[PDB]
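S.K.: Following this message is one structure expressed as structure tokens.
What follows draws every value from the coordinates through simple rules; no lab data is involved. All Cβ positions, even for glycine, are placed from backbone atoms using ideal geometry, and neighbour counts span all protein chains on display.
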Amino acid sequence: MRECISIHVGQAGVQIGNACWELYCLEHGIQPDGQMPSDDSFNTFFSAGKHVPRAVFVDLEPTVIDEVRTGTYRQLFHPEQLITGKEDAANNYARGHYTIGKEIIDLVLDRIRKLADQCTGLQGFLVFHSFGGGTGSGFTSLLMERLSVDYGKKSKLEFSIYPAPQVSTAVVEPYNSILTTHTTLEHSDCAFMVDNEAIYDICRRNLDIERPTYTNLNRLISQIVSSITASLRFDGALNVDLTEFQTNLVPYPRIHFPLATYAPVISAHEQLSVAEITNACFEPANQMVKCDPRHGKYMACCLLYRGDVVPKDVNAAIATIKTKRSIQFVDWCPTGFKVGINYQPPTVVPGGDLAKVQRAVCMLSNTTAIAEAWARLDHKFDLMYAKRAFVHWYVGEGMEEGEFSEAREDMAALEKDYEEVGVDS
Amino acid sequence: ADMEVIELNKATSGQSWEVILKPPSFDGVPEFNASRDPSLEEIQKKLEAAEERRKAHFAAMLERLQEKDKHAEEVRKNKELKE
Amino acid sequence: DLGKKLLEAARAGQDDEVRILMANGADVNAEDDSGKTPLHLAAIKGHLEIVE
Amino acid sequence: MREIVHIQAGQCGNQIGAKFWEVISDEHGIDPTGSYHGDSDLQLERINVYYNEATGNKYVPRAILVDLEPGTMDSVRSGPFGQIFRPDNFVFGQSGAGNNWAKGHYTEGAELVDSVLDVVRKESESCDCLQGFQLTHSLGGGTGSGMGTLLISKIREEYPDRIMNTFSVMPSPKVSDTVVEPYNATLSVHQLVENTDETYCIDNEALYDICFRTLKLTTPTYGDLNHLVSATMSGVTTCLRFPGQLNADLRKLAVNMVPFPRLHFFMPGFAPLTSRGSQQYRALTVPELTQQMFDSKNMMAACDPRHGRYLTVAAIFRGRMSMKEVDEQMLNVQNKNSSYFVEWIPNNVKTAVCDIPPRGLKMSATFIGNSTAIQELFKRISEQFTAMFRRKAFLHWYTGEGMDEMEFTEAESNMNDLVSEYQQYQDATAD
Ligand SMILES: Nc1nc2c(ncn2[C@@H]2O[C@H](COP(=O)(O)OP(=O)(O)OP(=O)(O)O)[C@@H](O)[C@H]2O)c(=O)[nH]1
Ligand SMILES: Nc1nc2c(ncn2[C@@H]2O[C@H](COP(=O)(O)OP(=O)(O)O)[C@@H](O)[C@H]2O)c(=O)[nH]1
Ligand SMILES: [Mg+2]
């Protein structure tokens, strides 16, 4: 009786949600028609023997969600929880938040409310969205505000797609990213940033995919998202509730962006040991967000294992990693790790690019190095904002120029928060 | 060798514990920001303000286009004066 | 045929091409689709030497 | 479903509009009767953007055909695809504009405009979700220039929240000897600067030079000039007609291409450049495609892109090719030619790839640039305008229609301001 509602906003959130629910189904033996022929901890994510995902898909245009209600999982979700408008936010935060958002926010809240009615102990939300899209950025912050008013005591986790120029579709994505981050900063309890370039490089290097597509990326993303939710979906021992992510990973409310590192990513081979995959957690080439944690300091570090993992091997791997690597923590934090083993084996999509592994690990850490991702975004915002390039598209929608300064000042404050947390004595 | 293992939980499909290598050096809780409730009435007030700003923008554009129409009628009347 | 070539050269200001076409026997009063001769074209385009 | 309403005005607008429909119809498998006969499902996936589905599974262009010249109706109806157009969407006058912008904008054009607005209102209300409008027209004549810009202004009043896109043919004394064409073009540019969201500058000067110098045609005809126009229009609209991620609608294209509202005049380019009757022996490689489409010899506006800077660029690659090779080549031209790209708009060059190539080509590429070098086109028109305007030459043809001389002064000044704004952003630095 501790249900979680997944909310997928815009194209990226919807397509990532497809990959995530596809993997949840394989890991829980649920067929595309909702039937499972085979612990009832999966009931936190799935409600005449049919199992319907506790999810809501929202997009301001229908082409993406139309593929969902037409594809292999057309009978998995109820038609009511797939919400689409007629006109998208045209890569503009102001359209998604103000112009087109206003028209369907009540309908989306009503559909979310129907899933909340089916809950005897709602824990909170998992919101999947892009930073750069008009809907992903504008509609999500609008929705996050409402969710705080209507469901005050509930937790709100994010899985945010950070922009990469290799797969970027709009020049104004840095504007949308800063605008959304500023406005949803007070309404998110923990947010897992997924840099599209970090994922793209893992597909190119570890999977040998010459030019990765959203399919290649989303399957990798889903694999990491699944590791983070395995604790909530199965009867695990670490991260058993949404409130446990704030307890374990976020020490201060504004510093709520943990870095996720996953290992092993192997192309579809002798099995990699516990020590080998634990060492990969400290290599920056395996992270969700491109940054260097070796330059910054840690305030929280969780190792989430899956499959054949013996606690004896985990402790020996951690013992060697401290004596061979420099893993500095902030003065006010104990240098240590919260370990969790989820006996459920790592599951991959049968035809996918990832290989089946006997054991896998996902390290969730709160490092000050993640501020590098903010700095890169803030720089691109500054280059354009100094000339007011594209700002007329936002102002024309009813937004004020002052909202940009407000959001950017909050970003400088956030970068300065990461700086303060990191000094000594 | 200075490793302290604190067994946290043991469940049906899981097992958790903490591994303390070293305690914090700063013996206290520091001050950096340390942090209230947004209202629906306040949200709707900002959303309505933007809605009216957008409406004013379209009204200004329409006023400008309608002045072109008044001008066009003046042009048509001016031709009439000649022949 | 030489009349079309003479009209192109008169419009394009090709002084030497006109001199060659004239020596090869092109019709000086050849007309374009609008009844304009090479003189009309050189007059429109301002090629004084071609007019002369 | 993101519908576009197409409007074609005047002799040029109707000539290039007809070629646009003949070309995109072939790509989508639509014959002159409106029937579909294709192999690919990608042909019909986004057919709704340009075509209405009539009873009997027929497809009919969402196109309005306008001209004050009555004889234009017969030439459109007699074309290869004249049969496909909705008969009630043909709105023709009896008295032409006689190469006079004032006649098309204020007098004969104004007499016919409500008949056109009735037909655009009907196509617009029938749309599930209208994106905006696309107008094909020339700026050197009277109907396309004057009446086309009058239509833009009236359409903007009723549909202010829709994208206004135009394919505006710029005049050149290389292709037309009409003395007043710089007047008509300056008056039109003044209208376009204020009332359109994005404009493709199809310059008759560049078209003539491509035919003469590159294609080796001693005397290019309008057919030769229009082969380049249709090839361009097909390329620049590929993203709107086929399934894709980037610049898939007129609004997302404008957010990507226009950083300052007035700076919305695009320099179109394409590769490989071909004439009518020229066969392709082999397909271009990705480096040949990338190099050619950025070349000044491949631009549809007579401007040197190395005399300005690119504010934004949209590159569309058509056909089956390596996306890894495309990305490498796109990064290569930007890193090798870094001084012709503004450093204060990061990642300003967006690249799309569509699997379906145009007719007779296995591989092709279309370029759309918003370059500060476009001021070369405006300065050329401004100079021609000024030469006549200081002599008060031919003004009675315009003031005789009720026009005020002050309108010419206002239009000249606005276009000259536009030129100064491009120069301001060309000289801007990322401080
Ligand atoms: N990893 C990943 N990123 C995606 C996906 N689809 C889009 N993106 C990224 O998301 C950003 C674009 O935003 P979208 O999510 O497409 O936009 P949207 O939320 O639908 O918003 P509008 O189209 O403006 O209404 C870019 O950074 C893309 O690279 C996807 O399936 N996976
Ligand atoms: N590219 C091209 N330019 C044309 C065509 N027809 C006319 N023009 C140009 O358009 C201008 C004359 O405008 P036109 O369309 O004939 O006049 P309207 O009927 O009054 O709109 C001149 O600059 C011509 O060179 C055509 O088919 N193709
Ligand atoms: Mg979208």
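S.K.: So, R0 is 41 Å and r is the distance between the beta-carbons of B:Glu74 and C:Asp27; what FRET efficiency does that work out to, to 0.05?
M.R.: Efficiency at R0 = 41 Å is approximately 0.15.
S.K.: Further, regarding this structure: Using 7 Å Cα-to-Cβ label points, what is the A:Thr247/A:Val149 separation (nm, one decimal)?
M.R.: 3.2 nm
S.K.: Based on the Kirkwood radius over alpha-carbon pairs, what is the Stokes-Einstein translational diffusion coefficient of the range A:81-182 at 25 °C with 0.890 mPa s viscosity, in µm²/s?
M.R.: Answer from the Stokes-Einstein relation: 173 µm²/s.
S.K.: Hey, another quick one. So if I take the centroid of the Cα atoms in the range A:101-136 and the same for the range D:312-354, what is the distance between those two points in Å?
M.R.: One Cα centre to the other: 37 Å.
S.K.: Another one. Find the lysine pairs in chain B meeting two conditions, Cα atoms under 19 Å apart and a separation of 8 or more places or different chains, and report how many there are.
M.R.: Pairs that pass both the separation and distance tests number 5.
S.K.: Through the Karplus equation 6.51 cos²θ - 1.76 cosθ + 1.60, θ set to phi - 60°, convert the phi angles of the range D:140-148 into ³J(HN,Hα) values in whole Hz; use x for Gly and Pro.
M.R.: Each residue of the range D:140-148 in turn: x, x, x, 6, x, 5, x, 6, x Hz.
S.K.: Set the Förster radius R0 to 56 Å, insert the Cβ-Cβ distance between D:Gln245 and D:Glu157 as r into 1/(1 + (r/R0)^6), and round the FRET efficiency to 0.05.
M.R.: 0.95
S.K.: Using a basic spin-label model with each label point 7 Å from the Cα along Cα→Cβ, how many nm lie between D:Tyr36 and D:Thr214?
M.R.: 3.4 nm
S.K.: My understanding is that a pair violates if its Cα-Cα distance is over 26 Å; which of D:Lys350/D:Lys379; C:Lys5/D:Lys19; A:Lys86/D:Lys362; A:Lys380/D:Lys350; C:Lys36/D:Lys174 do that in this structure?
M.R.: Over 26 Å Cα-Cα: D:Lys350/D:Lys379; C:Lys5/D:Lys19; A:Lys86/D:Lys362.
S.K.: Applying a 10 Å radius around every beta-carbon, put A:190-203, D:373-386 in order of their mean neighbour count, most first.
M.R.: A:190-203, D:373-386
S.K.: So what is Rg over Rh here for chain D, counting just Cα atoms and using Kirkwood for Rh?
M.R.: When Rh is taken as the Kirkwood radius, the ratio is 0.94.
S.K.: Related question: Using the Kirkwood radius over Cα pairs, work out the Stokes-Einstein diffusion coefficient for the range A:259-369 at 37 °C and 0.692 mPa s, in µm²/s as a whole number.
M.R.: Once the numbers are plugged in, D ends up at 226 µm²/s.
S.K.: Also, I was wondering about something else. Using a 10 Å cut-off on Cβ to Cβ distances, tally the other chain neighbours for every residue of B:18-31 and report the average as a whole number.
M.R.: 6
S.K.: Going by a ≥ b ≥ c, the root eigenvalues of the Cα gyration tensor, does the range D:184-315 fall in the rounded group (a/c under 1.5), the prolate group (a/b larger than b/c) or the oblate group?
M.R.: Since a/c reaches 1.5 but b/c is at least a/b, the shape of the range D:184-315 is classed as oblate.
S.K.: Give the shape of the range B:2-41 as rounded, prolate or oblate, defined through the alpha-carbon gyration tensor: a ≥ b ≥ c are the square roots of its eigenvalues, a/c under 1.5 means rounded, and otherwise the shape is prolate if a/b is larger than b/c and oblate if not.
M.R.: Since a/c reaches 1.5 but b/c is at least a/b, the shape of the range B:2-41 is classed as oblate.
S.K.: How far apart, in nanometres, would the label points at A:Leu107 and D:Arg282 be if each is projected 7 angstrom from Cα along the Cα-to-Cβ direction?
M.R.: Taking the two extended label points, one gets 5.5 nm.
S.K.: Which residues among the range C:18-52 fall inside the zone where the amide N is under 15 Å from a point 7 Å beyond the Cα of C:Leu2, along Cα→Cβ?
M.R.: Residues C:18-31, C:38 qualify, since their backbone N sits under 15 Å from the label point.
S.K.: If you don't mind, another one. Averaging over all projection directions, find the projected area of the Cα convex hull of chain B and quote it in nm² with one decimal place.
M.R.: Directional mean of the projected Cα hull area for chain B stands at 17.0 nm².
S.K.: Straight-line reach only, C-alpha to C-alpha below 22 angstrom: list the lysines that A:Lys114 could link to, leaving out same-chain residues fewer than 8 apart.
M.R.: Correct list for A:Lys114: A:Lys50, A:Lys102, A:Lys153, A:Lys154, A:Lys156.
S.K.: Under 19 Å from a point placed 7 Å out from the Cα of D:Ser339 along the Cα-to-Cβ direction: which residues of the range D:348-391 have their backbone N that close?
M.R.: D:371-374
S.K.: Sticking with this one: Give me the inter-chain shielding for A:324-336: mean count of other chain Cβ atoms within 10 Å, whole number please.
M.R.: 4
S.K.: For the range A:180-221 and the range A:39-77, what is the centre-to-centre distance using only Cα atoms, to the nearest Å?
M.R.: 22 Å
S.K.: Same structure again: As a test, work out the antiparallel percent of DSSP beta bridges whose residues both lie in the protein assembly as shown, rounded to the nearest 5.
M.R.: Of the beta bridges lying entirely in the protein assembly as shown, close to 45 percent run antiparallel.
S.K.: What FRET efficiency would be calculated for the residue pair A:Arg388, D:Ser275, taking the C-beta separation as r and a Förster radius of 41 Å, to the nearest 0.05?
M.R.: Using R0 = 41 Å, I get an efficiency of 0.40.
S.K.: Averaged over peptide A:94-104, how many Cβ atoms belonging to another chain are found within 10 Å of each residue's Cβ?
M.R.: 2
S.K.: Sorted by average packing, counted as other Cβ atoms within 10 angstrom per residue and highest first, what order do D:249-256, D:224-231, A:181-188 take?
M.R.: In descending order of packing, they fall as D:249-256, D:224-231, A:181-188.
S.K.: For every helix of n ≥ 4 consecutive DSSP H residues, a contribution of -39,500 (n - 2.57) applies; sum these over the protein assembly as shown, divide by its total residues, and give [θ] at 222 nm rounded to the nearest 500 deg cm²/dmol.
M.R.: Dividing the helical sum by the residues of the protein assembly as shown leaves -13000 deg cm²/dmol.
S.K.: Another question about this same structure. Once you order the gyration tensor axes a ≥ b ≥ c over the Cα atoms, which shape class does the range A:337-379 get: rounded for a/c under 1.5, otherwise prolate or oblate by comparing a/b with b/c?
M.R.: oblate
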